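Participant: Below is a structure I'd like to ask you about.
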Amino acid sequence: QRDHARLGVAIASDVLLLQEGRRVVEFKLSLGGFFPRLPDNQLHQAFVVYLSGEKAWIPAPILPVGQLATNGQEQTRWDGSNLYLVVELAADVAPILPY
Amino acid sequence: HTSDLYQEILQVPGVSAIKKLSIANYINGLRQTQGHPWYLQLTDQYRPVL
Amino acid sequence: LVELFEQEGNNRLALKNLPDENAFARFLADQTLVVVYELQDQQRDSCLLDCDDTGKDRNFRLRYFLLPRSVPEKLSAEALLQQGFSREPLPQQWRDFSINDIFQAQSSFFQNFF
């Protein structure tokens with residue numbers, strides 16, 4: 001009946017300075033070991049993404065498995081043991097600034 | 001267990017040190033086994049004597 | 001070390017009783033085998049039904065060990081290679097290689113340098 005604990009990863013890099021326009025981001029994770037695979041049609045519901053702002057964090061939904069990014073080919077999916085996660089930000093979303 | 005005999009042989013005046021010690025089982029005057037330096041198993045129906 | 005055996009014993013657990021196939025796979029991951037040839041001297045004792053005493057018999061046997069490939073603070077295959085081969089000073093140009101790197105540089109030669 002208590003709260004859930006926090007568990008995750010943080011990635012710090014300079015490619016993430018994104019201030020204006022329509023932006024498309026793609027993460028690719030290359031994994032190993034022996035573990036079960038999450039069913040496809042719920043991938044976009046397993047993770048939550050936060051991006052750095054001026055005064056707050058910015059949340060960004062993950063694109064579901066059956067559709068492509070606008071004017072491009074990037075897509076959320078499994079590729080053997082590689083995991084692809086794709087995020088779109090619209091032109092009215094705040095800038096992504098250094099932490 | 002042989003140590004129970006080791007610690008009592010070491011209590012006799014005049015005994016300096018024990019260089020070797022082992023035990024063996026006899027029934028009806030005949031040796032039943034080869035023996036062992038550290039422990040010996042007894043038969044169900046019999047009481048040990050010297 | 002983790003020892004392997006052909007027969008059951010007091011502290012010898014059967015691999016058949018692993019929880020699942022993935023448990024077996026994670027058990028056999030990133031590990032090597034070594035076969036060790038071990039010598040010992042058995043003491044003769046006339047009190048133990050030997051024909052005589054005051055002597056020793058030399059005898060040897062084999063043991064199987066499952067060794068990790070690379071662990072920073074424990075025995076691993078890389079550590080054994082380092083101990084065995086890196087006994088003498090190597091030429092200056094090789095000083096920065098590990099033993100398996102100094103071995104692989106010679107088979108991966110032609111993929112590069114062509």
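Lettering and numbering for the structure tokens are positional, with chains as A, B, ... in the shown order, residues counted from 1 in each chain, and ligands counted from 1 in the shown order.
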Just asking: which residues within chain A are strand (DSSP E or B) according to DSSP, as a list in words?
Facilitator: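 Matching residues, listed in order: residues 18, 23, 24, 25, 26, 27, 28, 29, 30, 50, 51, 52, 57, 58, 59, 62, 77, 78, 79, 82, 83, 84, 85, 86, 87, 88, 89 and 96 of chain A.
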Participant: For C-alpha atoms, I'd like the residues from the last selection saved as a PDB file, in the first residue's frame.
Facilitator:
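Written output follows (part19.pdb):
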```pdb
ATOM      1  CA  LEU A  18      17.167  21.055 -28.987  1.00  0.00           C
ATOM      2  CA  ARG A  23      12.156  17.524 -33.235  1.00  0.00           C
ATOM      3  CA  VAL A  24      12.490  13.764 -33.604  1.00  0.00           C
ATOM      4  CA  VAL A  25      14.648  11.697 -31.234  1.00  0.00           C
ATOM      5  CA  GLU A  26      15.584   8.018 -31.482  1.00  0.00           C
ATOM      6  CA  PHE A  27      17.308   5.956 -28.784  1.00  0.00           C
ATOM      7  CA  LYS A  28      18.823   2.574 -29.660  1.00  0.00           C
ATOM      8  CA  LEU A  29      19.781   0.214 -26.823  1.00  0.00           C
ATOM      9  CA  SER A  30      21.892  -2.873 -27.546  1.00  0.00           C
ATOM     10  CA  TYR A  50      11.881  13.210 -19.203  1.00  0.00           C
ATOM     11  CA  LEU A  51      13.961  15.948 -20.828  1.00  0.00           C
ATOM     12  CA  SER A  52      15.835  18.823 -19.211  1.00  0.00           C
ATOM     13  CA  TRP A  57      11.500  18.605 -16.501  1.00  0.00           C
ATOM     14  CA  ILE A  58       9.574  18.050 -19.731  1.00  0.00           C
ATOM     15  CA  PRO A  59       7.627  14.804 -20.329  1.00  0.00           C
ATOM     16  CA  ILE A  62       6.719   7.374 -26.845  1.00  0.00           C
ATOM     17  CA  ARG A  77      10.430  -1.747 -32.217  1.00  0.00           C
ATOM     18  CA  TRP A  78      12.414  -4.868 -31.354  1.00  0.00           C
ATOM     19  CA  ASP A  79      15.245  -5.992 -33.647  1.00  0.00           C
ATOM     20  CA  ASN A  82      18.130  -4.267 -30.000  1.00  0.00           C
ATOM     21  CA  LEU A  83      15.439  -1.915 -28.700  1.00  0.00           C
ATOM     22  CA  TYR A  84      14.404   1.242 -30.578  1.00  0.00           C
ATOM     23  CA  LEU A  85      12.408   3.995 -28.853  1.00  0.00           C
ATOM     24  CA  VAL A  86      11.252   7.101 -30.742  1.00  0.00           C
ATOM     25  CA  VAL A  87       9.964  10.440 -29.403  1.00  0.00           C
ATOM     26  CA  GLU A  88       8.425  13.425 -31.227  1.00  0.00           C
ATOM     27  CA  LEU A  89       8.294  16.995 -29.923  1.00  0.00           C
ATOM     28  CA  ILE A  96      15.733  21.411 -24.105  1.00  0.00           C
TER      29      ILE A  96
END
```
Participant: Within 12 Å of chain C, which residues of chain A show up? Give each one with its shortest atom-to-atom distance in Å (one decimal) and the two atoms involved, counting only C-alpha atoms, rows by chain then rising residue number, as a Markdown table.
Facilitator:
```
| residue | atom | partner | partner_atom | distance |
| --- | --- | --- | --- | --- |
| A:32 | CA | C:26 | CA | 11.5 |
| A:33 | CA | C:26 | CA | 7.9 |
| A:34 | CA | C:22 | CA | 6.6 |
| A:35 | CA | C:22 | CA | 8.0 |
| A:36 | CA | C:22 | CA | 9.9 |
```
Participant: Region 18-35 of chain B: which residues within 8 Å, counting only C-alpha atoms, same-chain residues fewer than 4 positions away excluded, as an MDAnalysis selection string?
Facilitator: (chainID B and resid 2 6 10 40 42) or (chainID C and resid 47:49)
Participant: Could you jot down the CA of residue 41 (chain A) to CA of residue 67 (chain A) separation for me, Å, one decimal place?
Facilitator: 11.8 Å
Participant: Out of C:30, C:17, C:112, C:87, which residue has the shortest atom-to-atom distance to residue 71 (chain C) when counting only C-alpha atoms?
Facilitator: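 Counting only C-alpha atoms, the residue closest to residue 71 (chain C) is C:30.
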Participant: Quick one, how far is CA of residue 114 (chain C) from CA of residue 102 (chain C)?
Facilitator: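 Going from CA of residue 114 (chain C) over to CA of residue 102 (chain C), I get 19.4 Å.
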Participant: Hey, what's within 12 Å of residue 17 (chain B) if we count only C-alpha atoms and toss same-chain stuff fewer than 5 positions away? As an MDAnalysis selection string, please?
Facilitator: chainID B and resid 6:12
